[PDB]
Amino acid sequence: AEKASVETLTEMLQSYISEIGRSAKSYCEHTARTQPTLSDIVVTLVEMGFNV
Amino acid sequence: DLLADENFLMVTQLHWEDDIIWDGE
Amino acid sequence: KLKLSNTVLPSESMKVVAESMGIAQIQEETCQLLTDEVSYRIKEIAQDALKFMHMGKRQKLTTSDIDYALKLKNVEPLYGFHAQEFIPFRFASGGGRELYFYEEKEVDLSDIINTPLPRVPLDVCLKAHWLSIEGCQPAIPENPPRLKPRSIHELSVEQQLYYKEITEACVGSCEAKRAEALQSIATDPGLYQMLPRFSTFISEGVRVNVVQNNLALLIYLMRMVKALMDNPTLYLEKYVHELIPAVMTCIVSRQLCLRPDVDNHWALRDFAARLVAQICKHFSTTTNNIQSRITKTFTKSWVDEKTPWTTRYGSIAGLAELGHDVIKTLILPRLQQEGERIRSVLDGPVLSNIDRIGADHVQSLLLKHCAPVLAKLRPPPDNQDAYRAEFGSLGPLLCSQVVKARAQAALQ
Amino acid sequence: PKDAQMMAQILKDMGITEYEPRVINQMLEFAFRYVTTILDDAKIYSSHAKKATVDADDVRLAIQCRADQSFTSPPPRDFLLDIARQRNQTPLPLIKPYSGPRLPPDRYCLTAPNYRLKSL
Amino acid sequence: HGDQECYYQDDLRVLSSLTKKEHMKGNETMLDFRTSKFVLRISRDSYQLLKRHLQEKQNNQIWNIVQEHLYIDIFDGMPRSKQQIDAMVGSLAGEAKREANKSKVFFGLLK
Amino acid sequence: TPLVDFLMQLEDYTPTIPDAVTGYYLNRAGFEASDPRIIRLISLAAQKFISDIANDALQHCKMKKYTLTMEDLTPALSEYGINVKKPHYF
C-alpha cells in the first residue's frame, strides 16, 4: 500500500478506539455508573452507526 | 595554538615508553 | 529594540492548492484573502497550544498540545480526514499522521508486519532522595554535580579513609567487596582530587608486582583501571602517562610465576590489557601522539628477532585488537614469519618450556583475525585450497570460521 | 521545504523556541484541511450565485460562514458577569451536622451497583 | 510597537496577529480590553503636566482617546521611580484603583 | 440476546488488535479494563470499521487489486461522508 494511506487508516483506527472510550464512559456515567457494561457499548456503537 | 593546554599534558611530553617493564630483573 | 513582524503563509502555495481542486482562475486579492485567514488560525492555535505546554509543565510543544488546542476551538483534532457528519469520531484525536518530507511514499505491506514492535517502557514509580541535608546538597547520583603554618593534606579524613577502604577492597580478598569498590570507582562523582593517589597506586603497584609475577594482583589492578576509565565525571588524560605504561607492561611482559595453567588467565591478563589499551587509544586522541606511539612499540615488538614467546603472544594480541583497518594493513605481509615460528616450536622436542603453549595461542589468535579480515574483503569462493597460497595455516577451518561469521550476519 | 520553512517562522514569531518535528507537519495538515474546506464551500457558493469564476466575495462568504461554526470562543464578559450576579446573590446553605459522606443526590453521583455479565 | 516596554512582548505578538475586525471579534480578551478602562495610577505632580498638554485644542484628539479609554487614578505624593513603576505594572487593564483595595478583608485565622 | 451470547463467547477469543493496545487507548479516554471480553468487542468493532473501508477501497482499485493509494481511499470514504486529505505539503 501507499505510505500516506497507511498512516491515514491507522489514525482513523486510533480515533475510533478513543471514541468508544469517551462515549461509552459517558453513557455509563450518565446512568450513575463507573464501569461500562454491554448495554452501554451497543448504544455507543448505534450512535456511531455500526449495525452491531 | 602551541599554547593549547594539551601540548603541556605529560602524555604528549614524556617518553613514557621507557617505563614499560620488559623482562625485568 | 523589537523588530517583531507578521509572517503569513505564501500565496503561491495557496494557488497550487486551489487549482489542484477544480477552482481555476483565482485573482491575487482572492488568493491573498486565503493566506491571511489561515495564517491567523495557525497563530491562534499555536498561541492556544502554548497554554497546554505551560499547564503540563513542559518546555517542548508536543504533538498532543495541538490536538487539545484544536478541540478547545471546537475544531476536530483529526488532520488526515474530515467527517461532515462528525458522528464516527467526535473531537477524538487520532494522534496525527507519521509522515515525513524525505519519505519513500510507498511501502510493502508485509514489511510493516515483519518488523519488531518497540518495547513498552517502564511504568511511573516514585523514588525519594535528598536535595539538601541541613543546607548542604549531597553528591549522590540523583544530584547534578618565623615558622610557616602547619599545612593540611588536601584530602579529608573521610576521603582518606574512603581511599584506604577502596584500595584494600580492590586488592580482591573478597569478591563482593571488590565488585562494589569497582562500581564505587566507576560512579563516584567526587573521585577527582583523589585521582593522583589512585594513579600512583596503580602504576607503582604493577611495577613492584611484576618483580614477582602475581597474576591476581595484576588482574585486580587492570579491573581498577577499567573502573577508572568508564567514570564520566573525572578528567583522565592528565594521568594517562602513568596509566598506559602499566597496561603495556601487563601485555608485553614475561610471567615470573608458573608458566602453564594460569597462562589461560595470562591470555585474559593480555585480553583485559589489550581491551583497555585500545579503549585508551579510542579516547584521549590528538595528532600522532598516543595511538601511533603504541602502534610503533607493538610493531617493533613483533619484528624483533627471537622474542620471549609470552611477550610475543601479548604483543600479537595487542596489535590484534586495534580495529578494522589495522589488521587490514599490518597483519598482511607477515604470515610466512608466523608459520616459520610455529614450525620451529613444532620441530624442537623441548616440551617442558612455555614455547609450545605460546606458539599454539599465537597461531589460534592470528588465524581467527585472518578469517574475518578475509570474510570482510572478498567473496567466500574457493574456500577449500586457495588458502594454501597463504602457507595453508587455517585453510578449510578458516573457511568454516568465515561461514560461521556469514551465518551470524544472516541472523543479524 | 517551501511551506514548511514558513511554518517554523510562524512559531518563532510566537516565541516557540522548542517544538517537536511532528508539530510543523500537522499544522500544515490543518492549514491544508482549512483551505480545502473554504474553497470547497466557495465554489458551492459560486454555483449558488451562478458565476463561473470563484471571485473574492465567494471566499469572503465561505470564510465568515465557516468561522461562524468552527472556531468558537469562551463566553463573553457581559455574559459571565450576569450569570455570576444571578448565582452569587443566593446565600450559602447551612450544613447538617452528621449527614455522613456529603454527596449530591444519587442521580448526580457515580455510585450505582455497577453490574457486569456472568462468565459462562 | 518597538518603543513599548519589553515586558509586553506577548500581548504585542497577539496584537500583530490581529489585523482584521472578525479576527478580534472572536478573541474575547482584546474584546474585553476594548470595553474596559486602563486604570493608570499617576501622581498629581505629573498629572498637572499631562492635563496642561491635553486640555488645549492643539491635542484635543489624543485627549479625547484618553478620557474615553483610560481611567486615571490620582494619588497625592512623590512620582514613582522607573524601577518601582516596573515592579507594579504589566497587566492588561492593569494597575487597578485604590478604591478596589480599600474594602475590609477578614484576613485573620479562625479559632 | 445474540450480542450477549457473542460477548460471552468472546472469552477464549483472541482479536487481531491486542488487549494491551486496545486497553491502552481505552484507558486514555477513561474506559478502564473491568472485563476483557468488553475490551475484545471494542477491538473487533474497530477492526470491522477499518476492514469495511479497506474492502470498499479494494472494489474501487479492482474497478480502476494490489496497491492501496490515496485515490482509492478518496471515493471509498466519500460514501461514508469523510473527505480524506492529500498531504501535498511534503
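Residue numbers (my numbering), protein chains in the order written: chain A, 1002 to 1053; chain B, 13 to 37; chain C, 696 to 1107; chain D, 7 to 126; chain E, 44 to 154; chain F, 32 to 121. Using N, Cα and C, we set each Cβ at its ideal position, and we do this for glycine too.
State the CB to CB distance for the pair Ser86 (chain E) and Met131 (chain E), rounded to an integer number of angstroms; the pair is presumed to be in contact (CB under 8 Å).
Not a contact, Cβ separation roughly 13 Å.
Could you spell out the range, first to last residue, of the beta strand (DSSP E) harbouring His777 (chain C)?
Residues 776-778.
Are the C-beta of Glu1030 (chain A) and some C-beta of chain D separated by less than 8 Å?
So, interface residue.
So what does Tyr25 (chain D) bridge to, in DSSP terms?
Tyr25 (chain D) pairs with C:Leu756.
For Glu48 (chain E) and chain D, any beta-carbon pair shorter than 8 Å?
Chain D, which has no Cβ nearer than 8 Å to the Cβ of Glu48 (chain E), makes this no.
Chain B partners of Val920 (chain C), CB-CB under 7 Å?
Within 7 Å Cβ-Cβ: nothing; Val920 (chain C) doesn't reach chain B, min ~15 Å.
Beta strand (DSSP E) containing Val115 (chain F): first to last residue?
First-last of the beta strand (DSSP E) with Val115 (chain F): 113-115.
Name the residues in the region 44-59 of chain F whose C-beta lies less than 7 Å from a C-beta of chain A; which are they?
For the region 44-59 of chain F, which is checked against every Cβ of chain A, the residues closer than 7 Å are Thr53, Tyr56, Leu57, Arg59.
Where does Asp13 (chain B) sit, in a helix, a strand or coil, going by DSSP?
DSSP places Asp13 (chain B) in coil when its eight states are reduced to three.
Nearest-angstrom Cα distance between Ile70 (chain F) and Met13 (chain D)?
If I take the Cα positions, the gap works out to 40 Å.
To the nearest angstrom, how far is it from the Cα of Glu1003 (chain A) to the Cα of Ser1019 (chain A)?
Roughly 25 Å separates the two Cα atoms.
Check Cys71 (chain D) in the structure and name its three-state DSSP category.
Note: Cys71 (chain D) maps to coil in three-state DSSP.
Count the other CB atoms, across all protein chains shown, that sit within 10 Å of the CB of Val998 (chain C); report buried if there are 16 or more and exposed otherwise.
It counts as exposed.
Between which two residues does the alpha helix (DSSP H) carrying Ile721 (chain C) extend?
Segment: none, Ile721 (chain C) is in no alpha helix (DSSP H) and carries neither H nor E.
Helix or strand or just coil, what does DSSP make of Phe781 (chain C)?
Coil, per DSSP.
Locate the alpha helix (DSSP H) running through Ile835 (chain C), then write down its first and last residues.
Careful: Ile835 (chain C) lies outside any alpha helix (DSSP H) and carries neither H nor E.
Output the distance between the C-alpha atoms of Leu108 (chain F) and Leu1039 (chain A), rounded to the nearest integer angstrom.
C-alpha separation (whole angstroms): 29 Å.
Considering only the beta carbon of each residue, do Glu771 (chain C) and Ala62 (chain D) sit closer than 8 Å?
No, these two residues do not count as a Cβ contact at 8 Å.
In three-state DSSP terms, what is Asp47 (chain D)?
It is helical.
Whose C-alpha, out of E:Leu93, E:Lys68, E:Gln47, is nearest the C-alpha of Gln110 (chain E)?
Answer by Cα proximity: E:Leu93.
Chain A beta carbons: is any one of them nearer than 8 Å to that of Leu794 (chain C)?
Yes, its Cβ sits closer than 8 Å to a Cβ of chain A.
For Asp116 (chain E), which of helix, strand or coil comes out of DSSP?
In this structure, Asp116 (chain E) counts as strand in the three-state DSSP scheme.
Can you list, in chain order, the residues of its chain whose CB lies under 8 Å from that of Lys755 (chain C), leaving out five sequence neighbours each side?
Excluding positions up to five away in sequence, the list reads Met748.
Give every residue of the same chain whose Cβ lies closer than 8 Å to the Cβ of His1056 (chain C), excluding the five residues on either side of it in the sequence, and list them in chain order.
So the qualifying residues of the chain are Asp958, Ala962, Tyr1008.
What are the residues that DSSP puts in a beta bridge with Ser86 (chain E)?
According to DSSP, which records beta bridges pairwise, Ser86 (chain E) is partnered with E:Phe118.
Would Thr117 (chain D) pass as an interface residue toward chain F - the criterion being a Cβ-Cβ separation below 8 Å?
Answer no: the Cβ-Cβ gap between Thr117 (chain D) and chain F never drops below 8 Å.
With C-beta atoms as the reference, is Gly1050 (chain A) less than 8 Å away from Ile782 (chain C)?
In contact: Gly1050 (chain A) and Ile782 (chain C) (Cβ atoms closer than 8 Å).
Considering Cα atoms alone, identify which of F:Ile73, F:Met94, F:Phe62 is closest to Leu34 (chain F).
Out of F:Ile73, F:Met94, F:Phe62, F:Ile73 has the C-alpha closest to the C-alpha of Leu34 (chain F).
Could you tell me whether the Cβ atoms of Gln1058 (chain C) and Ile1037 (chain C) are closer together than 8 Å?
Cβ distance < 8 Å, so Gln1058 (chain C) and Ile1037 (chain C) count as in contact.
For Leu123 (chain D) and chain A, any beta-carbon pair shorter than 8 Å?
Yes, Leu123 (chain D) counts as interfacial toward chain A.
Mind checking if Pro103 (chain D) is an interface residue toward chain E, Cβ cutoff 8 Å exclusive?
No, because no Cβ of chain E sits closer than 8 Å to the Cβ of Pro103 (chain D).
Would you report the Cα separation of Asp762 (chain C) and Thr730 (chain C), rounded to the nearest angstrom?
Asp762 (chain C) and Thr730 (chain C): Cα-Cα distance of roughly 22 Å.
Determine, for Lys93 (chain F), whether the minimum Cβ-Cβ distance to residues of chain D falls below 8 Å.
Taking Cβ atoms only, chain D never reaches closer than 8 Å to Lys93 (chain F), which makes this a no.
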